[PDB]
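Cβ: placed from backbone, ideal geometry, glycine included. Neighbour counts: every protein chain shown. Bear in mind that the values in this text are calculations on the coordinates, not laboratory data.
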Amino acid sequence: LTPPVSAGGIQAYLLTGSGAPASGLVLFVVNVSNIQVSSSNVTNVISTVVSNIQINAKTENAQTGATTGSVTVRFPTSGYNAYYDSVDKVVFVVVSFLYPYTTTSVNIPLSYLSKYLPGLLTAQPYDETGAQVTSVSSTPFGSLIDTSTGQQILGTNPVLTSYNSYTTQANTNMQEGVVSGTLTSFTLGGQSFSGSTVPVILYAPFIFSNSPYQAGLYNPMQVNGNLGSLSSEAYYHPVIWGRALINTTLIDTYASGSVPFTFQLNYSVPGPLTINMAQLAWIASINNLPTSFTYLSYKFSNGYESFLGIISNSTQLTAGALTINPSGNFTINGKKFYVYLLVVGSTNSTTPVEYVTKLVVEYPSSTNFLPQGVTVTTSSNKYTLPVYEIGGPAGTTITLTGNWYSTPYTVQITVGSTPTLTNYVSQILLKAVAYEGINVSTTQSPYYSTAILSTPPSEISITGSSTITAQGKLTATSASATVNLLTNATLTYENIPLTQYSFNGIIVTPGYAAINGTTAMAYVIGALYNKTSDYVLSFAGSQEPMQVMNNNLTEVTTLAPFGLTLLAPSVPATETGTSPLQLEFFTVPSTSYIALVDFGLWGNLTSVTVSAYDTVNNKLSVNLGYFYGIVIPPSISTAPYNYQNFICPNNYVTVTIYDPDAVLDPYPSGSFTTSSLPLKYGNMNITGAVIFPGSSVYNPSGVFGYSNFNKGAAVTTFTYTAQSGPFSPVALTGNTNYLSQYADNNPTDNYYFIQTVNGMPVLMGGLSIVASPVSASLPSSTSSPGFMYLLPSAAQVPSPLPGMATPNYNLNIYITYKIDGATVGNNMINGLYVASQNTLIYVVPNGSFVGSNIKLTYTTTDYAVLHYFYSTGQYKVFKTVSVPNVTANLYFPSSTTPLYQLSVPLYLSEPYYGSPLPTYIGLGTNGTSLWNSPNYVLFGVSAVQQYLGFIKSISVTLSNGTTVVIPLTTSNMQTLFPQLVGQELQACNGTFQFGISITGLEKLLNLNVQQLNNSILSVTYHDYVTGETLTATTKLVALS
Ligand SMILES: *[C@@H]1O[C@H](CO)[C@@H](O[C@@H]2O[C@H](CO[C@H]3O[C@H](CO)[C@@H](O)[C@H](O)[C@@H]3O)[C@@H](O[C@H]3O[C@H](CO)[C@@H](O)[C@H](O)[C@@H]3O)[C@H](O[C@@H]3O[C@H](CS(=O)(=O)O)[C@@H](O[C@@H]4O[C@H](CO)[C@@H](O)[C@H](O)[C@H]4O)[C@H](O)[C@H]3O)[C@H]2NC(C)=O)[C@H](O)[C@H]1NC(C)=O
Ligand SMILES: *[C@@H]1O[C@H](CO)[C@@H](O[C@@H]2O[C@H](CO[C@H]3O[C@H](CO)[C@@H](O)[C@H](O)[C@@H]3O)[C@@H](O[C@H]3O[C@H](CO)[C@@H](O)[C@H](O)[C@@H]3O)[C@H](O[C@@H]3O[C@H](CS(=O)(=O)O)[C@@H](O[C@@H]4O[C@H](CO)[C@@H](O)[C@H](O)[C@H]4O)[C@H](O)[C@H]3O)[C@H]2NC(C)=O)[C@H](O)[C@H]1NC(C)=O
Ligand SMILES: *[C@@H]1O[C@H](CO)[C@@H](O[C@@H]2O[C@H](CO[C@H]3O[C@H](CO)[C@@H](O)[C@H](O)[C@@H]3O)[C@@H](O[C@H]3O[C@H](CO)[C@@H](O)[C@H](O)[C@@H]3O)[C@H](O[C@@H]3O[C@H](CS(=O)(=O)O)[C@@H](O)[C@H](O)[C@H]3O)[C@H]2NC(C)=O)[C@H](O)[C@H]1NC(C)=O
Ligand SMILES: *[C@@H]1O[C@H](CO)[C@@H](O[C@@H]2O[C@H](CO[C@H]3O[C@H](CO)[C@@H](O)[C@H](O)[C@@H]3O)[C@@H](O)[C@H](O[C@@H]3O[C@H](CS(=O)(=O)O)[C@@H](O)[C@H](O)[C@H]3O)[C@H]2NC(C)=O)[C@H](O)[C@H]1NC(C)=O
Ligand SMILES: *[C@@H]1O[C@H](CO)[C@@H](O[C@@H]2O[C@H](CO[C@H]3O[C@H](CO)[C@@H](O)[C@H](O)[C@@H]3O)[C@@H](O)[C@H](O[C@@H]3O[C@H](CS(=O)(=O)O)[C@@H](O)[C@H](O)[C@H]3O)[C@H]2NC(C)=O)[C@H](O)[C@H]1NC(C)=O
Ligand SMILES: *[C@@H]1O[C@H](CO)[C@@H](O[C@@H]2O[C@H](CO[C@H]3O[C@H](CO)[C@@H](O)[C@H](O)[C@@H]3O)[C@@H](O)[C@H](O[C@@H]3O[C@H](CS(=O)(=O)O)[C@@H](O)[C@H](O)[C@H]3O)[C@H]2NC(C)=O)[C@H](O)[C@H]1NC(C)=O
Ligand SMILES: *[C@@H]1O[C@H](CO)[C@@H](O[C@@H]2O[C@H](CO)[C@@H](O)[C@H](O[C@@H]3O[C@H](CS(=O)(=O)O)[C@@H](O)[C@H](O)[C@H]3O)[C@H]2NC(C)=O)[C@H](O)[C@H]1NC(C)=O
Ligand SMILES: *[C@@H]1O[C@H](CO)[C@@H](O[C@@H]2O[C@H](CO)[C@@H](O)[C@H](O[C@@H]3O[C@H](CS(=O)(=O)O)[C@@H](O)[C@H](O)[C@H]3O)[C@H]2NC(C)=O)[C@H](O)[C@H]1NC(C)=O
Ligand SMILES: *[C@@H]1O[C@H](CO)[C@@H](O[C@@H]2O[C@H](CO[C@H]3O[C@H](CO)[C@@H](O)[C@H](O)[C@@H]3O)[C@@H](O)[C@H](O)[C@H]2NC(C)=O)[C@H](O)[C@H]1NC(C)=O
Ligand SMILES: *[C@@H]1O[C@H](CO)[C@@H](O[C@@H]2O[C@H](CO[C@H]3O[C@H](CO)[C@@H](O)[C@H](O)[C@@H]3O)[C@@H](O)[C@H](O)[C@H]2NC(C)=O)[C@H](O)[C@H]1NC(C)=O
Ligand SMILES: *[C@@H]1O[C@H](CO)[C@@H](O[C@@H]2O[C@H](CO)[C@@H](O)[C@H](O)[C@H]2NC(C)=O)[C@H](O)[C@H]1NC(C)=O
Ligand SMILES: *[C@@H]1O[C@H](CO)[C@@H](O[C@@H]2O[C@H](CO)[C@@H](O)[C@H](O)[C@H]2NC(C)=O)[C@H](O)[C@H]1NC(C)=O
Ligand SMILES: *[C@@H]1O[C@H](CO)[C@@H](O[C@@H]2O[C@H](CO)[C@@H](O)[C@H](O)[C@H]2NC(C)=O)[C@H](O)[C@H]1NC(C)=O
Ligand SMILES: *[C@@H]1O[C@H](CO)[C@@H](O)[C@H](O)[C@H]1NC(C)=O
């Protein structure tokens, strides 16, 4: 039982799952373990308990939560069914609320109920009236008493009517049924009873939940206050970036356990877009080609080459010594035509260059001028047609001879020196639709919570409408015409004789960067001029989307034909006409994000609607969820730092990168993978994305939703793992071929996700580091993706949704010198390294510390940011941290020092020498300074003896003005400094103390004890770190 039921309390539970008798059954229970009961008085205890139960029944509007009717009821004094179980020590009763068992009783096998009341397999329950029985019967709802009235519930009452009619009620009226209960407090047997149940839901339609988030979706990052202006509206205007997951909750009362859900997303942009389109192929009748022209075949991103298509009556095309055999044939009303496909290029070749798999030509039917079509086939009726190559050195000219109907024609191609690219540019009202699926489980039915992708890696269909227009002159014997389409594509017709056809047409592909050559649409338009009662010039046209894969250009589907007609009763005349036209492109999977950015469908204006389908039960959502798209530029920042940030081991510099577009999964450390399959939706099977949580990539089979579906072994599993070397890097491990199928939150690898084409990533985003003057960089040319485990910070407890991500990534930088030249096994510690999750360490020599610098360049991870902010440069952000110069000092405590005292301290001070205690500087030779710091550690490496400076001179100027310079020798030092070592005085305050000794100085000079020695002492030290030369002086004093 979940939840458990307290001493002397009441609770209610819904009967569900496999083998459940019927819908709308609830079991009420009261805990009676607190007292003793016997066969003598069991009927008294059940009587006492069941007398005190009160039940409330409501109806509500499923979206708003508004109550629409309420009744409150009580068990009768006789004729009800209620039981006692000796084993579990509980009294229990079952009520049936919904159709058909509203007025009649239903029987519940005791095998089933044992899920909730396990005692029932051990002993049969006590009945009312003290008997024992093998089977349980419901008390029906329509038998209970209205507390308002003192009578049995009215058959006419609206709540009872509703519950009895729930089937049509829920769907049509968005009505939802809810029940709760309470036990009116009483004392029995020296114990007391009190409680109120949680409420329970009998039925509800399948909807997006609309409380409190009115839009049905939400983005945790916006609800917590982290998105600025956009946090004012998180309850009714959700936004998300390109490739990320947005959260959602569905209410589902039909489901049991886990359910696969399928989703459909429709995107729209206000107002039309201007589209740029490149000519893949050009097909004409031999009569329509111009006399002489220059041509050279273009080569597209996917390797395919443009081709030139001649249609002719002649069984070969002839060109002197060379003859061309036709790629295919077709027939119209017994007349037979041949189709020749050529690539103009390098050298005459006898084998196919590439292929085209189906191709539809449309023509006006002779009878009715309605459109009809045929697919061109090979001479053995196979569909795939081959393309051949002709050509030679530039400026070579080739004459091709053919026939159109009765008449011979000759055409003269010049082989160009540079590829012919024709661009057409038009305005079109674009829209796109996409599909996706996920497997979802719950612990709080009927609420199912999940998240869906913003843009999926499926096929996506881009679609939109446009206009074609025709202009023309008709005469007694022949007709002339031109057409415009796609704004500035132009086709022309040489004068068409009566009863003759003529063809022209073009194939385009999208003329953007990488998606070129991957997909297409083809239009071919046939014309016919004939005499009826009237002179009629008619056009008919095909419309087919096409895709290229493995060098076959193939038809995906055919949409409907279109036609236009120009009519003249007069013999000479001039005319015009128009028709709508349609356009459709199917993206190939890997290209699908790129498409949406380039055509302009994703951007700050885009708006998206979502519907959802239950794969177990065959139901669709009766309401829709909504969200809006956004693109946001990155930012870099630092908290203000002084020199203090670089002294002792626990001091570092923090940089914050703000980049929300890098956060693909709302939960930090969350991970998912993705593949493409057929998905069940509606009553159809459609190519779509399946999202799988975790870190393993699958190549599945069958259809998602049905029983065929099987994900095999993990092809690869990606993991961050520790590695050897100093510190210990954590870096990504796994087969790099599959990175375009894995998502994380780490910007050092998120750039691959849906942004890899032909096996190279489009945008070399992420974080890049250069360092100076010790030259190093990450990533180096050899370095893997995912060179460090950088992850975003979590929202804390005062926020509405804790534990969720935030757009801040916090990155720690250490620069240090004290562990330079340390060794860790085979490793020598010098340069730039990664440590832990979010840390970099740079170790530089003593002479290079001040002025060292690190420059961080962060480049956006998302292709939308690169596209919208290319010109302004707001796609990269830079920052530098660098070590500032600082003033050291050397000083005797006082200007005058007495000769009476044996030792007079000389203190040195320099911030960057400081460390944890103990630390000491030793002196030797010609005054060379050695620094030691045994307790110093940084991520496991410990400090080495450093050589940091020297005492430069010591001199005394005497009372007669003579100046003596004391020579620094290993023997002289030991007298002047009885301890050759100076200690640090306090932690991280670099201030060292030395004991220059007057008792030594006298003997070292051989000068008369005091009588001569009214003198000025002078001392000097040079440090390598800054480069400064410090000096200190004192007047030696006695009675003079
Ligand atoms: C593919 O195969 C094609 C079909 O056979 C070849 O086409 C033929 O190309 C000839 C040029 O090719 C030669 O030169 C290039 C260097 O530029 C080499 O790479 C080639 O290997 C080859 O040696 C072309 O000849 C014309 O250009 C020549 C320049 O070298 C020159 O002889 C003339 O200027 C030619 O006009 C062919 O075009 C036809 O040529 C004949 C003459 S012939 O066949 O060359 O002997 C002409 O007939 C003449 O017309 C004139 C009118 O002024 C009369 O005075 C004369 O009595 C009569 O002979 C035709 O007018 C002319 O069209 C051309 N053949 C055709 C018809 O297509 C092609 O080279 C191969 N391509 C490669 C390199 O892969
Ligand atoms: C928005 O909707 C998101 C859906 O993507 C929710 O993300 C899911 O978050 C889970 C943690 O969230 C919990 O805690 C937060 C507070 O921080 C609450 O707001 C939430 O209500 C919730 O209580 C996370 O579950 C995992 O972490 C849990 C520890 O908190 C742990 O109990 C679980 O056992 C999970 O490991 C989901 O993260 C992923 O979970 C899947 C498993 S499952 O999806 O939970 O079933 C893991 O995949 C597995 O990986 C192993 C590798 O060892 C494989 O062997 C196995 O094949 C594979 O199943 C992932 O490793 C793990 O990252 C997380 N879902 C995803 C896909 O990221 C988010 O919470 C929702 N927001 C709100 C506010 O509710
Ligand atoms: C349909 O209308 C379109 C109007 O946008 C035309 O597209 C634009 O065409 C410009 C002219 O070049 C065209 O003529 C070629 C030679 O016959 C032919 O191969 C193509 O049809 C080709 O598009 C084109 O200019 C380019 O070429 C010029 C000539 O070499 C050169 O001077 C330019 O620098 C440029 O490379 C347009 O591209 C844009 O041109 C701008 C200057 S201007 O030439 O338009 O005055 C330039 O500032 C800009 O950077 C550049 O993008 C091209 N426009 C676009 C966006 O595609 C199209 O040709 C018309 N279709 C037909 C029937 O040909
Ligand atoms: C009626 O009342 C008593 C008091 O409320 C209560 O017993 C307490 O609950 C369970 C036993 O019953 C539950 O668990 C079993 C499965 O183990 C199921 O079959 C039952 O249907 C119940 O769900 C014991 O766990 C309690 O002992 C204590 O439990 C604490 C957690 S709790 O959430 O379960 O209460 C632990 O922290 C303690 O360490 C542990 O001692 C027991 N409480 C006591 C001390 O009496 C029953 O739930 C109710 N009666 C029955 C039999 O259902
Ligand atoms: C279909 O695909 C090919 C291959 O990707 C593409 O060629 C690449 O075009 C870019 C620029 O694209 C724009 O200009 C051309 C005209 O030059 C237009 O046709 C396009 O519509 C675009 O407006 C060329 O610059 C590429 O050359 C490369 O430039 C790179 C820098 S970039 O930022 O400019 O891209 C360098 O890093 C490369 O070293 C250099 O090769 C060119 N790429 C290649 C590999 O040749 C076609 O233009 C596309 N054509 C169609 C039908 O649009
Ligand atoms: C910090 O960096 C300084 C400045 O670059 C460097 O000083 C250089 O000292 C070396 C000798 O140091 C070696 O011995 C001591 C033992 O006392 C060790 O602690 C060190 O680890 C070294 O093994 C001197 O050779 C340099 O003096 C000059 O060298 C020039 C050539 S160079 O290529 O060596 O620089 C000559 O042309 C000059 O005539 C000579 O004066 C000295 N470098 C300079 C330019 O002053 C320290 O060793 C580094 N200190 C530590 C320990 O990190
Ligand atoms: C799509 O719309 C976004 C929302 O306006 C644009 O994002 C804004 O980008 C600009 C810089 O170009 C910047 O002003 C915003 O940064 C925030 O500014 C806020 C001030 S206010 O605008 O709310 O008054 C600050 O409160 C906040 O700390 C800054 O982070 C930025 N807005 C957001 C959401 O961060 C985006 O530029 C635009 N994209 C396109 C296609 O141009
Ligand atoms: C372009 O020409 C193709 C042949 O050059 C045509 O292919 C023929 O199509 C017919 C009808 O679809 C098909 O039955 C032929 O297959 C042959 O059938 C022969 C008997 S009969 O049909 O001639 O009576 C048999 O000998 C044998 O089964 C097949 O060889 C097929 N002909 C060949 C030679 O393959 C094609 O229809 C035409 N394309 C269009 C669209 O006009
Ligand atoms: C587009 O043309 C392709 C020719 O390369 C062809 O793809 C190959 O198909 C084979 C098996 O198909 C046989 O039949 C075709 C007839 O077009 C032959 O050309 C081919 O050699 C085979 O005998 C298969 O091994 C593989 O998918 C492709 N071969 C290669 C080079 O790997 C396609 O059949 C055709 N259209 C489509 C996609 O149906
Ligand atoms: C940190 O500031 C110091 C104090 O101003 C400064 O040392 C003093 O200035 C000069 C040194 O200038 C020479 O040295 C530099 C660095 O090698 C060279 O660019 C060039 O040869 C300069 O002429 C020195 O003579 C003077 O004694 C120093 N003053 C004191 C107080 O003793 C440092 O130069 C400075 N460090 C850096 C790298 O910025
Ligand atoms: C019903 O009868 C049983 C006895 O058969 C009761 O148990 C006794 O209760 C008294 C006080 O209530 C206790 O002092 C005894 O220890 C119990 N005797 C036995 C035989 O166990 C039980 O409590 C009775 N229930 C009610 C509600 O009266
Ligand atoms: C989302 O786009 C889909 C296009 O796939 C649309 O659903 C189609 O609805 C039309 C009638 O409007 C029917 O001809 C088709 O049966 C539907 N298509 C499919 C494949 O099921 C619809 O226009 C858009 N739906 C929304 C949410 O507005
Ligand atoms: C196109 O030219 C071809 C040349 O092959 C002509 O084909 C003729 O076809 C008819 C059958 O209708 C036969 O009687 C002749 O034997 C063929 N003539 C020749 C010379 O081969 C045909 O005349 C022309 N087609 C059109 C549409 O005018
Ligand atoms: C100190 O200077 C003397 C004299 O120039 C020289 O002999 C000696 O090698 C120097 N010692 C060191 C190690 O600094």
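Structure summary
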{"quantity": "Flag if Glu494 is under 34 Å from the mean Cα position of the chain (by Cα) and of a type in the set (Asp, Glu)", "calculated": "no"}
{"quantity": "Count of residues meeting criterion [touching a residue at least 24 places away in the same chain (Cβ under 8 Å), part of a loop (DSSP other than H, G, I, E, B) and of a type in the set (A, V, I, L, M, F, W, C)] in region 620-650", "calculated": "7"}
{"quantity": "Test: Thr420 is among the polar types (S, T, N, Q), part of a loop (DSSP other than H, G, I, E, B) and touching a residue at least 12 places away in the same chain (Cβ under 8 Å)", "calculated": "yes"}
{"quantity": "Pair list, Cβ < 8 Å and 6+ apart or interchain, from region 166-191 residues that are within 16 Å of ligand 5 (Cβ to nearest atom) to residues that are of a type outside the set (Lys, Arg)", "calculated": "none"}
{"quantity": "Any hit, region 877-884, residues being within 30 Å of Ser592 (Cβ to Cβ), away from ligand 10 (no atom under 16 Å from the Cβ) and surrounded by 15 or more Cβ atoms within 10 Å (Cβ to Cβ)", "calculated": "yes"}
{"quantity": "Residues located in region 656-677, provided they are of a type outside the set (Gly, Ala, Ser) and surrounded by fewer than 21 Cβ atoms within 10 Å (Cβ to Cβ)", "calculated": "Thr656, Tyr658, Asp665, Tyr667, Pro668, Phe672"}
{"quantity": "Scope region 748-764; condition over 15 Å from the mean Cα position of the chain (by Cα) and touching a residue at least 24 places away in the same chain (Cβ under 8 Å); matching residues", "calculated": "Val757, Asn758, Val762, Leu763, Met764"}
{"quantity": "Of residues in region 349-364 being over 20 Å from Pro545 (Cβ atoms) and surrounded by 15 or more Cβ atoms within 10 Å (Cβ to Cβ), the one nearest to ligand 7 (Cβ to nearest atom)", "calculated": "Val353"}
{"quantity": "Condition check for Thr565: more than 16 Å from ligand 13 (Cβ to nearest atom) and in a strand (DSSP E or B)", "calculated": "yes"}
{"quantity": "Strands (runs of 3 or more DSSP E) contained entirely in region 325-375, each with at least 3 residues that are in contact with a helix residue (DSSP H, G or I) (Cβ under 6 Å, 6 or more places away or on another chain) and more than 16 Å from ligand 11 (Cβ to nearest atom)", "calculated": "none"}
{"quantity": "Sole residue being exposed (fewer than 14 other Cβ atoms within 10 Å of the Cβ) and either over 45 Å from the mean Cα position of the chain (by Cα) or more than 16 Å from ligand 7 (Cβ to nearest atom) (or both), chosen from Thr418, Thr422, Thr401, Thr463", "calculated": "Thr418"}
{"quantity": "Among (1) more than 16 Å from ligand 9 (Cβ to nearest atom); (2) over 22 Å from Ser502 (Cα atoms); (3) in contact (Cβ under 8 Å) with a residue 12 or more places away in the chain - the single one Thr357 does not satisfy", "calculated": "(1)"}
{"quantity": "Residues that are surrounded by 13 or more Cβ atoms within 10 Å (Cβ to Cβ) and under 22 Å from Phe753 (Cα atoms), drawn from region 700-715", "calculated": "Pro700, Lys711, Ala714, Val715"}
{"quantity": "Matching option when the condition is buried (at least 16 other Cβ atoms within 10 Å of the Cβ), more than 16 Å from ligand 6 (Cβ to nearest atom) and more than 21 Å from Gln983 (Cβ to Cβ), among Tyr868, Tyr907", "calculated": "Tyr868"}
{"quantity": "Exclusive hit being surrounded by 17 or more Cβ atoms within 10 Å (Cβ to Cβ) and over 28 Å from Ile283 (Cα atoms), set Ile438, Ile496, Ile506", "calculated": "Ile438"}
{"quantity": "Output for region 921-942, where each listed residue is more than 30 Å from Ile966 (Cα to Cα) and aromatic (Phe, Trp, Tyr)", "calculated": "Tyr936, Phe939"}
{"quantity": "Any hit, region 525-534, residues being of a type in the set (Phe, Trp, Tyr), touching a residue at least 12 places away in the same chain (Cβ under 8 Å), in contact with a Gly (Cβ under 6 Å, 6 or more places away or on another chain) and in a strand (DSSP E or B)", "calculated": "no"}
{"quantity": "Subset tally (residues that are buried (at least 18 other Cβ atoms within 10 Å of the Cβ), farther than 30 Å from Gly759 by Cβ and either of a type in the set (S, T, N, Q) or out of contact with any strand residue (DSSP E or B) (no Cβ under 8 Å at 6 or more places or on another chain) (or both)) for region 531-569", "calculated": "3"}
{"quantity": "Set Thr168, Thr147, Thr172, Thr184: member being over 28 Å from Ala66 (Cβ atoms) and surrounded by fewer than 16 Cβ atoms within 10 Å (Cβ to Cβ)", "calculated": "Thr184"}
{"quantity": "Any hit, region 1018-1028, residues being farther than 17 Å from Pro898 by Cβ and in a helix (DSSP H, G or I)", "calculated": "no"}
{"quantity": "Breaking point among (1) over 30 Å from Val843 (Cα atoms); (2) of a type outside the set (A, V, I, L, M); (3) loosely packed, with under 14 Cβ neighbours inside 10 Å, for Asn989", "calculated": "(1)"}
{"quantity": "Residue match in region 737-747 (condition: more than 29 Å from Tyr658 (Cβ to Cβ) and more than 20 Å from the chain's Cα centre (by Cα))", "calculated": "no"}
{"quantity": "Residue that is farthest from ligand 11 (Cβ to nearest atom) [pool: residues in region 615-626 that are under 24 Å from the mean Cα position of the chain (by Cα) and surrounded by fewer than 21 Cβ atoms within 10 Å (Cβ to Cβ)]", "calculated": "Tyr626"}
{"quantity": "Test: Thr318 is free of Cβ contacts under 8 Å to residues at least 24 places away in the same chain, within 16 Å of ligand 1 (Cβ to nearest atom), assigned to a strand (DSSP E or B) and surrounded by fewer than 21 Cβ atoms within 10 Å (Cβ to Cβ)", "calculated": "no"}
{"quantity": "Residue satisfying condition, being within 23 Å of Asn932 (Cβ to Cβ) and either outside any strand (DSSP E or B) or within 16 Å of ligand 4 (Cβ to nearest atom) (or both), within set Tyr900, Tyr907, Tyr912", "calculated": "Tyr912"}
{"quantity": "Filter result for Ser611 (among the polar types (S, T, N, Q) and away from ligand 12 (no atom under 16 Å from the Cβ))", "calculated": "no"}
{"quantity": "Pair list, Cβ under 9 Å, 6 or more apart: region 995-1008 residue closer than 23 Å to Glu984 by Cα, other residue part of a loop (DSSP other than H, G, I, E, B) and among the basic types (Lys, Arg)", "calculated": "none"}
{"quantity": "Cβ-Cβ under 9 Å pairs, at least 6 apart or on other chains, region 126-152 side farther than 24 Å from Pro21 by Cβ, far side among the aromatic types (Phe, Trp, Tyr)", "calculated": "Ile145/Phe75"}
